[PDB]
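**Student:** Experimental structure and sequence below, a few questions after.
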Amino acid sequence: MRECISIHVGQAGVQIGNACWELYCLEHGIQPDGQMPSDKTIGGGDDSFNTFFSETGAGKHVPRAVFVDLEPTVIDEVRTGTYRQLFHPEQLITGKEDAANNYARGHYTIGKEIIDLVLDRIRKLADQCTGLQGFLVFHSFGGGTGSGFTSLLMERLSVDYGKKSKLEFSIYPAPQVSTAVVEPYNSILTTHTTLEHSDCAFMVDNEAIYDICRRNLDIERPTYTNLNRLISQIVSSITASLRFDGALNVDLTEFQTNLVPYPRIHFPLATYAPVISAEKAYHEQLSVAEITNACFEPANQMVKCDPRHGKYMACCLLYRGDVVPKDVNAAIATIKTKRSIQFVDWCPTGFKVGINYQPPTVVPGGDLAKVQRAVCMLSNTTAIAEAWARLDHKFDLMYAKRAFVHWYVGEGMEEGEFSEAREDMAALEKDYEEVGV
Amino acid sequence: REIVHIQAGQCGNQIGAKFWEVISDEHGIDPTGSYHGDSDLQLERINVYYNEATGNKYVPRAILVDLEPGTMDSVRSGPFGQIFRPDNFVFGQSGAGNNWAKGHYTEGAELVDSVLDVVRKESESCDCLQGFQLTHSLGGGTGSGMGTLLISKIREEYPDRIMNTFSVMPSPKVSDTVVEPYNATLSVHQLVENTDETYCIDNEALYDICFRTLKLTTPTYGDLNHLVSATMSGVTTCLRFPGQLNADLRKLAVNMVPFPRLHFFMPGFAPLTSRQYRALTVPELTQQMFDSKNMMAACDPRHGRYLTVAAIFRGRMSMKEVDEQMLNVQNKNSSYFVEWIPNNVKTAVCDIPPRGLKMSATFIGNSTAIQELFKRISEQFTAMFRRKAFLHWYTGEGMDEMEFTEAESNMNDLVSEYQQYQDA
Amino acid sequence: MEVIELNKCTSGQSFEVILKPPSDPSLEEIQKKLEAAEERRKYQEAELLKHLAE
Amino acid sequence: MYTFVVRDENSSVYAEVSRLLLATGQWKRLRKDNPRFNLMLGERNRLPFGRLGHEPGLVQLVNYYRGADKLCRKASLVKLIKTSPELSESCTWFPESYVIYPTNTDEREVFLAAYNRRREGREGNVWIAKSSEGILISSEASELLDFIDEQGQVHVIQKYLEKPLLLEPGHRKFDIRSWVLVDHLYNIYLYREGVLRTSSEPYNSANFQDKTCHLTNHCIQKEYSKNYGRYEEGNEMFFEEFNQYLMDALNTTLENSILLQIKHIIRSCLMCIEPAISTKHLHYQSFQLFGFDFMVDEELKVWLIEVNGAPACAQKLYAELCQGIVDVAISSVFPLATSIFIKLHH
Ligand SMILES: Nc1nc2c(ncn2[C@@H]2O[C@H](COP(=O)(O)OP(=O)(O)OP(=O)(O)O)[C@@H](O)[C@H]2O)c(=O)[nH]1
Ligand SMILES: Nc1nc2c(ncn2[C@@H]2O[C@H](COP(=O)(O)OP(=O)(O)O)[C@@H](O)[C@H]2O)c(=O)[nH]1
Ligand SMILES: COc1ccc(N(C)c2nc(Cl)nc3ccc(F)cc23)cc1
Ligand SMILES: [Ca+2]
Ligand SMILES: [Cl-]
Ligand SMILES: [Mg+2]
Ligand SMILES: [Mg+2]
């Protein structure tokens, strides 16, 4: 048993971490004070859930988690909310003023003055780890903290923990719920500085979550709470293999092994089904075939793009609920005949399948209905490069006028970092094009 | 987090007093500073503008500055007069005679240090001061001259905080003296260099609104300031009220100001109110907010393009409808929004409406059409300056014609810079 | 279409299905970067204060 | 009031569509990079499909199907027909074809196996070669491949149709251009008006180095042909005259002898790629106008030769067709304040 430390950075990181850890606690039967009755090994263990929770002598199960924001208001709500007892104070770290939606203010100015405190607190968790395998880092692309402080932190983690795996859950920027006009700048900057420090990144585009909430949850104007319960469902689906008995994706190195052949193209697309409103009176429960088939509708992707005009490098199917292999194989067999699924020549056409028989846990009073079976597909398609194109385009429009650049330069950043980052992204986009056309 | 507020001169103090009346009412605080509202949205961020004092009292974080005491006294005697701490009243005795130089170079200099003393005292009682907002006119002497002196002193002592101003611009339609263009052109030269964000409150636009649409035949300064305080409560609601967007002075700078100098904002407001019964629909609110007739800087927005826009809707209403209508405005007029700043229009919603309205909308545009305002001032300036008229009031206080020439040039540069991006 | 590495347990099972065969900088450099930017920042502040002193 | 954006100024058909849209007073044109468009008449090359459908509050629509190039470039279409079960190598309306790469996968070693059986069986062994100006029709392979390698792009070579149907008077060749519009619902609409691009030079089965009586391109015929326009204005015979000729000379209708096969071919091709390109559940929508090029043999059997993804119309038919594109492709999606298309379904 090998431990996992989750790091939540900025507003989007912290609020999503709240949602995930609430889910986790529901799933493992951990109460809000941190007590798990089914845990007969009191005070310790090397169980599967222990990769995410440590135990105290008093039978308290405590998330291997650090929350870090450069201003206090959001983590203060953790400190005073339902799961206050769950987290030990030293793990909730706040600053005095945020990064003002400014990557360079989070990376350089305010980052430099809190990076060492954060690393010390992270070391205090690592030191409680018999065999730490690495880090799950949650953050937005668009926030000033979310981008700038996160990239600084990733650089340092690579130095203080060089053999350890680092995974990203990254919120991609969408106008409908965005908070700043400079989010493309920050997105590109943080992607470029973090690219070589991340082994596998799951990008979630707020545009997709927003439309999924509207279409399938009949939520007219989704909030962050709606978005985050849905995203936490997806995240839980992705991590369940680190927290439960199984043979698929059991350590972080296996995510890279199974999902990232070329190290630079490490952005797997996540597709999730079914998403059913709790207010649906009569729901006909969907079959393995129906939900597996939904895995290939763009409208269920965490990022809107068209995998038909790309190539696959890998594909993993994670089921939860009443699923057995032969039904999965049947579903796949018919899907292959009816759908455009092209793998790259140097890769097998196939699917690694993971099934956990416990169906998804849903937040009592939430928006999602309980269901008998659900699936998250993780596929490394080149089609996700569409999302980089969009982003890079929005950058190129602004940067051609050097609009807003003075705010970055005034923080100590040099104009050249902009064009450097953009050049890296042009590389990335070309790598995708060459792998997939 | 904390904002320090400074009101300087006759206009500065009259509008500042009205601002504190209005937002004190919005946050449930009474003229004695004792909270008496019902809800708790009213207090979440009450410290951004108020210090807490003994006995659960709330005391505005506000310094009152003038070179003559007539207006300041009028404030103390006025409605909310006793809510301000008396130590924050800083005044001289000789006035400034509508003379920028007296405010900036001679009389002002004599008083500015003690104002900075009060500033320092307020700021060291701050946990994380984010910066300052100043209210002042630009056509008089104390507000324009001493206020810009204050601004560059504050910038020296606090170079890493935000300087924001509400700056009332002079109009011959509402005019105290002929030297107002001189006073204004000097001040804009200061503003362009030492503020992060300025709300251009045009006394012309205020007059035209009171007259052409509020059907007031003889607008007073009261009728003008009611518009001003509506606008001020509007543009500061995302600062003092907890919402989804946790806003402050610096984020507003970062997102509104693509280039440092072009930081002069056109504010607007709807529904336009005089000192009614029909509820406005969200499509109506949205169409009015964008109407040239609802904007406090007499500029035709169709004569330029919007660089950035930020809009605030106050009231209980449909977020969905607001989203649809804002998108409709942009998609049906995209010509007037620069294409090289994607998604340059942001919207915020506050459940709490202003006093006496179930719904309302406040507009903050960084338009290149603002150049019209400065062109207006520059013309008036030149008309006099080319005959060196009325200059002796200024050279008598030590100033050189050269300084006038410099300030004129910097404003004409500001106009050219706006014209640069109107055609990009 | 063949089904391999089937592993199974009381919580669930996993397996693979094939359909067709195949056709960092140091801590030193980092604090150097952070300090260079602090230097550009301090310099711009000093230009600002010197101008204000004029 | 709807907005659109023009990114291919060199398109005659969509230039006419721009004019028609503006003259409704319900469509206003934006600058080519303004992303707040409802409609996009995209560029022919590297159209940015990845940037469509991400503009909240805008239903967006484009005049091209991403992926349709597989049908509309010669090597691609040969690959698609041979490998797609719906069409198969046993396809009875596509000529034997092979994909050959220059000297500088390839199919010339599979070509030769068939060509030499054609030469030994003493069958007509004429073959034509082309890619997507530079055409060679020959009787022996070592001229074909020798020519392919002097150029430097992938080529297809395919069994030349040695017994075409010849129009009299004149004893001349022709091809049939059909215009097909696929809408965002994937309705396949054949335009009622097709055109016969004829040759003006009697069909000389002797030396295949003269291309004037073997290739039916409107360009080569105006410049290098003797009597361009002797029989029909601009070397273009429309459908009424051709149906009359079939009735008089051959005792059949155009519908019976030929059109049934053309509707069958069109539907088969489009239905084949529909899963790869459909935008039924996509965040943006597509329509597209295609030009299917057909050749009839002397037995009244229809053959498909090229599908063109960006065709021009015939000057007589521009008005009616472009108006139809607006009616069924654009106003279907963006309503304003006896059809000229046959819908293909079976
Ligand atoms: N999906 C989701 N997105 C969020 C959430 N909170 C913020 N965002 C997105 O994150 C982006 C803004 O980044 P933030 O995390 O809020 O900013 P930050 O990291 O806190 O950095 P600062 O600039 O210092 O405030 C916008 O695109 C938001 O839509 C959230 O709770 N859920
Ligand atoms: N909008 C508005 N403008 C004012 C008010 N009082 C003065 N002004 C304008 O301010 C300018 C005169 O400056 P003033 O503030 O009286 O002089 P100061 O006290 O020396 O700074 C003229 O343009 C006046 O029209 C007021 O209450 N409201
Ligand atoms: C152009 O994009 C932006 C992005 C963010 C902002 N922020 C920081 C705001 N700040 C303040 Cl004080 N009030 C606002 C009122 C409405 C609104 F929508 C935003 C703001 C403004 C414009
Ligand atoms: Ca235990
Ligand atoms: Cl290590
Ligand atoms: Mg924040
Ligand atoms: Mg006065």
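**Tutor:** Cool, the structure landed. Numbering: from 1, shown residues only, chains lettered A, B, ... in the order given. Ligands and ions are numbered 1, 2, ... in the order given.

**Student:** In terms of secondary structure, what does the helix or strand residue B:382 falls within contact?
**Tutor:** In the assignment (DSSP states H and E), residue B:382 maps to helix B:371-385. With contacts defined as 3 or more Cβ pairs under 8 Å, 6 or more residues apart in numbering or on different chains; DSSP states H and E, the packing partners of helix B:371-385 are helix B:180-194, helix B:401-422. (Each C-beta comes from the backbone N, C-alpha and C, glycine too.)

**Student:** chain center to the last one, what's the gap?
**Tutor:** Here the centre of helix B:401-422 is set off from its chain's centre by 21 Å, with Cα atoms, centre = their mean, to the nearest Å.

**Student:** neighbours of the closest residue to residue A:251 other than its chain neighbours, just the number please.
**Tutor:** Closest residue in space to residue A:251, ignoring its immediate chain neighbours: residue A:133 at 5.3 Å, by Cβ to Cβ, 6 or more residues apart in numbering or on different chains. Counted with other Cβ atoms under 10 Å in any protein chain shown, residues neighbouring residue A:133 total 20.

**Student:** got the contact list for residue A:133?
**Tutor:** A:2, A:3, A:4, A:51, A:164, A:165, A:251, A:252, A:253 (Cβ atoms under 8 Å, 6 or more residues apart in numbering or on different chains).

**Student:** Run the angle between the helix holding residue B:382 and helix B:180-194 for me.
**Tutor:** Helix B:371-385 runs at 130 degrees relative to helix B:180-194, counting by axes from the mean of the first three to the mean of the last three Cα atoms, to 10 degrees.

**Student:** For helix B:371-385, which residues meet the burial criterion?
**Tutor:** Within helix B:371-385, the residues scored as buried using 16 or more other Cβ atoms under 10 Å in any protein chain shown are B:371, B:372, B:373, B:374, B:375, B:376, B:377, B:378, B:380, B:381, B:384, B:385.

**Student:** and stretch B:97-117, how far apart are its ends?
**Tutor:** 25 Å (Cα to Cα, to the nearest Å).

**Student:** again, but for stretch B:383-403
**Tutor:** 17 Å.

**Student:** near ligand 2, anything from that stretch?
**Tutor:** No: counting by Cβ under 6 Å from any ligand atom, ligand 2 is not contacted by stretch B:383-403; separation bottoms out at 13.0 Å.

**Student:** Am I right that residue D:263 is in a helix?
**Tutor:** Yes: counting by DSSP: H, G, I helix; E, B strand; the rest coil, residue D:263 is found in a helix.

**Student:** Verify the stated contact: it with residue D:344.
**Tutor:** Yes: using Cβ atoms under 8 Å as the test, residue D:263 is close enough to residue D:344 to be in contact (5.5 Å).

**Student:** hey, what's in contact with both of the two?
**Tutor:** Common neighbours of residue D:263 and residue D:344 (Cβ under 8 Å, 6+ apart) are residue D:190.

**Student:** Spit out the contact partners of the spatially closest residue to residue A:65 that is not a sequence neighbour.
**Tutor:** Counting by Cβ to Cβ, 6+ apart, residue A:65 lies nearest to residue A:6, which is 4.6 Å off, once chain neighbours are set aside. Applying Cβ under 8 Å, 6+ apart to residue A:6 gives the contacts A:17, A:20, A:52, A:63, A:64, A:65, A:66, A:135, A:136, A:137, A:138.

**Student:** give me that answer again for 7 Å
**Tutor:** Taking Cβ atoms under 7 Å, 6 or more residues apart in numbering or on different chains, we find residue A:6 in contact with A:17, A:63, A:64, A:65, A:136, A:138.

**Student:** okay, now the domains of chain D?
**Tutor:** Residue ranges for each domain of chain D read D:2-62, D:68-72+D:165-344, as given by curated CATH domains.

**Student:** Mind checking those for the one nearest to ligand 1?
**Tutor:** domain D:2-62 (13.3 Å; Cβ to the nearest ligand atom).

**Student:** Endpoints of the closest one, how far apart?
**Tutor:** With Cα to Cα as the measure, domain D:2-62 spans 14 Å from end to end.

**Student:** hmm, that domain in reach of ligand 1?
**Tutor:** No: using Cβ under 6 Å from any ligand atom, domain D:2-62 never reaches ligand 1; the gap is at least 13.3 Å.

**Student:** Return the distance of that domain from the chain's centre.
**Tutor:** Distance of domain D:2-62 from the chain centroid (Cα atoms, centre = their mean) equals 23 Å.

**Student:** Is any residue of that domain near chain B?
**Tutor:** Yes: Domain D:2-62 lies within reach of chain B by Cβ under 7 Å from any Cβ of the partner chain, at D:30, D:33, D:34, D:36, D:56, D:57, D:58.

**Student:** Just the buried ones from the residues you listed, in PyMOL syntax?
**Tutor:** To isolate the buried members of the residues of domain D:2-62 next to chain B in PyMOL, using 16+ other Cβ under 10 Å:
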select buried, chain D and resi 30+36+56+58
